[PDB]
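Here is the structure we will look at, set down as structure tokens.
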Amino acid sequence: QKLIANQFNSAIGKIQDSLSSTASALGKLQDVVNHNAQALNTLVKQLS
Amino acid sequence: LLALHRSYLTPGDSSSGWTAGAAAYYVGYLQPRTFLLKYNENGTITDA
Amino acid sequence: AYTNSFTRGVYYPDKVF
Amino acid sequence: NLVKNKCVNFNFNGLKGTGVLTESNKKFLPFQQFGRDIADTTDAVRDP
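Sequence lines, in order, name chains B, H, Z and L. The opening residue of the first sequence carries number 4 in the working numbering; numbering runs sequentially from there. The opening residue of the second sequence carries number 768 in the working numbering; numbering runs sequentially from there. The opening residue of the third sequence carries number 184 in the working numbering; numbering runs sequentially from there. The opening residue of the fourth sequence carries number 12 in the working numbering; numbering runs sequentially from there.
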């Protein structure tokens, strides 16, 4: 119990630390946002 | 057009010119191209 | 007397802040 | 003519538009006529 619990503790702490440090680890939520934003921008630009 | 201090005007001119201090001037041509500009948070041109 | 022209001559095309 | 917190049309050599007018953080260069936000939306006007 204790060893697996502690290994969880270390692994989870390190993974959040890395994710916070990793600046592109949120790729495809951002990508959905990018798709939506650029599509809306296009829908603007055809009005031009 | 150029001019000089204490310079005489005559119908004809020699190639010596007039004595003065040093200088320089550049000529370049402007042709249709395309640029990307970056504007910072304060709203001024920074990188072209 | 030849010099490469660096980033000179950039101008605001539309004067919109 | 100049109103705030009540949205009106504005007509300056054309440029007719709807808008509510608010105090702004923009810093115009003196030769500029107006400014735009993201995706080319009229953000601010200086009265001629």
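Backbone N, C-alpha and C define an ideal beta-carbon position, used for all residues, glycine too.
Assuming contact is defined by CB atoms lying nearer than 7 Å, are residue i and residue j in contact in what I supplied?
i, j, result
"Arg47 (chain L)", "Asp58 (chain L)", "no"
"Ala50 (chain L)", "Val36 (chain B)", "no"
"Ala787 (chain H)", "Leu768 (chain H)", "no"
"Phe39 (chain L)", "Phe200 (chain Z)", "yes"
"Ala14 (chain B)", "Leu22 (chain B)", "no"
"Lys15 (chain L)", "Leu26 (chain L)", "no"
"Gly795 (chain H)", "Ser188 (chain Z)", "yes"
Strictly below 8 Å CB to CB, what residues from chain H border residue i?
i, result
"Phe200 (chain Z)", "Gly810"
"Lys38 (chain L)", "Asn809 and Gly810"
Please identify the residue among the options whose C-alpha is closest to the C-alpha of residue i.
i, options, result
"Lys17 (chain L)", "L:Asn24, L:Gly30 and L:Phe45", "L:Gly30"
"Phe42 (chain L)", "L:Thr33, L:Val14 and L:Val56", "L:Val56"
Going along chain Z in order, which residues have a C-beta closer than 9 Å to the C-beta of residue i?
i, result
"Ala815 (chain H)", "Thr190 and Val193"
"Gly46 (chain L)", "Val199 and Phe200"
Taking Cβ-Cβ distances shorter than 8 Å, what residues in chain Z pair up with residue i?
i, result
"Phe42 (chain L)", "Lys198"
"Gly784 (chain H)", "Residues of chain Z passing the Cβ test: none, with the nearest at roughly 18 Å."
List, in chain order, every chain L residue whose beta-carbon is nearer than 9 Å to that of residue i.
i, result
"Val47 (chain B)", "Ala50, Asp51 and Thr52"
Show which residues of chain L have a CB atom less than 7 Å away from the CB atom of residue i.
i, result
"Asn44 (chain B)", "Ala50"
Evaluate contact between the region 795-806 of chain H and the region 187-195 of chain Z, counting only Cβ atoms and requiring at least three cross-stretch pairs below 8 Å.
-> Three or more Cβ pairs closer than 8 Å define a contact, and the region 795-806 of chain H meets that threshold against the region 187-195 of chain Z.
Contiguous beta strand (DSSP E) assignments of at least 3 residues, all confined to the region 16-46 of chain L = Correct list: 19-21 and 28-30.
Identify every run of the alpha helix (DSSP H) within the region 4-47 of chain B, keeping only runs that are complete inside it and at least 4 residues long; order them along the chain.
-> Every alpha helix (DSSP H) of 4 residues or more that sits fully in the region 4-47 of chain B is shown, in chain order, as 5-24.
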